[PDB]
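Form deposited in one PDB entry, single chain, as structure tokens, below.
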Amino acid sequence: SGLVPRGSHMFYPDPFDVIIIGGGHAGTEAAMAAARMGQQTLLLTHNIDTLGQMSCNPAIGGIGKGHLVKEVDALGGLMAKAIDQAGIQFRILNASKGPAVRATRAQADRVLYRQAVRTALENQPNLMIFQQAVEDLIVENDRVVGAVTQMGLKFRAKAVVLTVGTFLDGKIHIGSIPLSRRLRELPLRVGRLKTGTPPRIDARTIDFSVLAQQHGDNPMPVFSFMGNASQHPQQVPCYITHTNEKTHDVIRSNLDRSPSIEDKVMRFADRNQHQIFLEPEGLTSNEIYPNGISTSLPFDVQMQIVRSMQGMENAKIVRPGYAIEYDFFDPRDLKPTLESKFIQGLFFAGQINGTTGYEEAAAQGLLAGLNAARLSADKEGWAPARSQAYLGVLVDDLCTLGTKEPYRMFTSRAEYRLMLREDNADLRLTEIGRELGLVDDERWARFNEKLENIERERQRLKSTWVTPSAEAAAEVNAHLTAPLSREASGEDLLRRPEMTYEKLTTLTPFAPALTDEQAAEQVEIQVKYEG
């Protein structure tokens, strides 16, 4: 018979304020954002068991990236808390260089990270998670009004965040869906992205005894303003090997066979051996992610590339490497709230916009979910200012230029920032966050206790003096470049290049030190860098 029963081809009975399509990094922050603001939120994901998935290397943070994580955290997000649970090496980069430039980086255990994300989303009041791919949007008068799933089930919403998924495209490389059509038939400008993965290596087949180790910092960094280091699981080293000329010849013999290792070899000298960090995939995994050798070269070349390297002579590949190509849409077609200029109610976040980092995606997801929730409650959207946050710089660049600011530019431009350090993201953002509905009560309480600790200690330092012949003056002068010939406050002395907060508050007139270490640090930075 010609009977098509279309029996799941129905409206869900309950409407939402916000629907999130996709559960990558962006959809995760968007869902958690809209829901913690109290809006009824739906998270549509094709696979609940891949929530928390990292597409490339298992790490979070570094230069620029770490900044975005701190900001996501300042605004009530999840990424920093998740990596505090899943993090298996923690390092501060540029630790001797001054605050605008320092960056936190952590290796993640893939399994702990999935668990941290999944369990956080499952316990989010106002959030329903539903496992389905999206077939299409429901649009009426240039306004989104809902989403249709593959199975035919339709959901009503006032606002929709589009993230990542099957509509984008996806073509795997080694060597249809009404949503794609709908978006293509708008004046949207399509690009192509070409991500890649290295082969994953079985750890039992690597000889680590010949390779250098790299440990995390001691004491351990914490990514979240709310964490402490006792939340971290067991810590492990990464080991290091290098590309050599044999590696480069293999690559060059195979260019015929289609941030690659091959692109790096074509563009670099030979005398420049590329560093390969053998990143553990987790504590309960024998797999290694060799950071530096992504290719779309065939498996046999990959094995030759691997076996040419020190320590790797007898190594075996567990998961082959490959390249992925996806469509994205030029983000200049978005408002700075991340709303589409073509469909009202529709917000774009993450790779849909042409970005690839986890952090860049989480920052956009937070913003998009915030503004979707705001629109569902008939409020105007928030667009962070360039001067307020790296999240502001990012979104501004996307909307104006179509593209993120390169990481190469980061060091140069940090000089004219410094108010945008990782370490003050809360002082820059937790207050707006609370007005927006993004900051919960634990964070609000701790933030204000910190804000008061800094004020109180600054005031104490401005009003505590040593006179140059006080009984305590010889103790003080011993820690000076030159003995005082005049009265100095705690703040006068702390502005001295040779003085630290920790040394100051060890001295009789200025003891005791603040026990709130985050406050202490911020007291020191404000004093030194007021100049």
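Note that residue numbering follows the sequence shown and begins at 1. Note that the rigid core is defined as the largest set of C-alphas that superpose within 1.5 Å between two forms.
Omitted from view is the form deposited in another entry, to which the following refers.
> So which residue among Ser224, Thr430, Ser296, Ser340 shifts its CA at least 2 Å between this form and the one not shown once the core is superposed?
With the rigid core fitted, the residue that moves is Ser296.
> Under a superposition restricted to the rigid core, does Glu415 display a Cα displacement of 2 angstroms or more between this form and the one not shown?
After core superposition, the C-alpha of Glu415 moves 2 Å or more between this form and the one not shown.
> Given a CA distance change of at least 3 Å, are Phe410 and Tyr390 closer or farther in the other form?
Relative to the shown form, the pair is closer.
> Given that the distance between the C-alpha atoms of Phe410 and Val395 changes by 3 Å or more in the other form, do they end up closer or farther than here?
Closer together, by at least 3 Å.
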